[PDB]
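Reviewing the structure listed below.
Residue numbers (this note's numbering), protein chains in the order written: chain G, 6 to 83; chain H, 6 to 83.
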């Protein structure tokens, strides 16, 4: 439960930075998938409309790539 | 502090989805910036290497766009 958007990140960061490199630092990064977010997903945008960017869409667009948590390209960076 | 990457998201989502649409639902979304993440930032990738994708890089690549928190394109979607 984040109090704000910018403040959310502060909390977010500590939480994510540790979570994703946890998988990479552990052994490897997908690298290909993250490009995918920075590529474009019909979700991250459809997200704009569905709540903080409908996580299933945006952070999922991101998780499916850089936010990192793509069970499809992982086996490395989750 | 997230226990895992996938589990992180569960927590994340509730936290973000509320934070970003908080700004949009409030009045408007940048829309242009979010495309920016789904576009490509030298950060989100440089992030892959600097911790869960160095928030200042990835979620900042995302915040500077879809994760949402771009004080540059905001005035709407933070």
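Using N, Cα and C, we set each Cβ at its ideal position, and we do this for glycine too.
Taking Cβ positions only, does residue 68 of chain G come closer than 7 Å to chain H? yes
Suppose you measure from the CA of residue 74 of chain H to the CA of residue 25 of chain H; what does that come to, to the nearest Å? 7 Å
Leaving aside the five residues before and after residue 31 of chain G along the sequence, list all residues of the same chain whose C-beta is less than 6 Å from its C-beta, in chain order. none
By the criterion of Cβ-Cβ separation under 7 Å, what are the contact partners of residue 52 of chain H in chain G? 71
Hey, residue 64 of chain G and residue 34 of chain G: beta-carbon distance below 7 Å or not? no
Who are the Cβ neighbours of residue 77 of chain H in its own chain at under 8 Å, not counting the five residues just before and after it? 38, 69
Could you check the C-alpha separation between residue 71 of chain H and residue 17 of chain G for me, to the nearest Å? 14 Å
Please classify residue 18 of chain G: does DSSP put it in a helix, a strand, or coil? helix
Excluding the 5 residues flanking residue 42 of chain H on each side, which residues of the same chain have their C-beta closer than 6 Å to its C-beta? 66, 67, 70, 71
Helix, strand or coil at residue 80 of chain G [DSSP, three-state]: coil
Span of the alpha helix (DSSP H), counted from its first residue to its last, around residue 54 of chain H: 47-54
In angstroms with no decimal places, state the Cα-to-Cα distance between residue 28 of chain H and residue 52 of chain H. 26 Å
Backbone secondary structure at residue 62 of chain G - three-state DSSP: coil
Determine the DSSP secondary structure at residue 69 of chain G, reduced to helix, strand or coil. coil
Could you tell me if residue 6 of chain G is buried or exposed, where buried requires 16 or more neighbouring beta carbons within 10 angstroms of its beta carbon? exposed
Comparing the C-beta of residue 32 of chain G with each C-beta of chain H, is any distance below 7 Å? no
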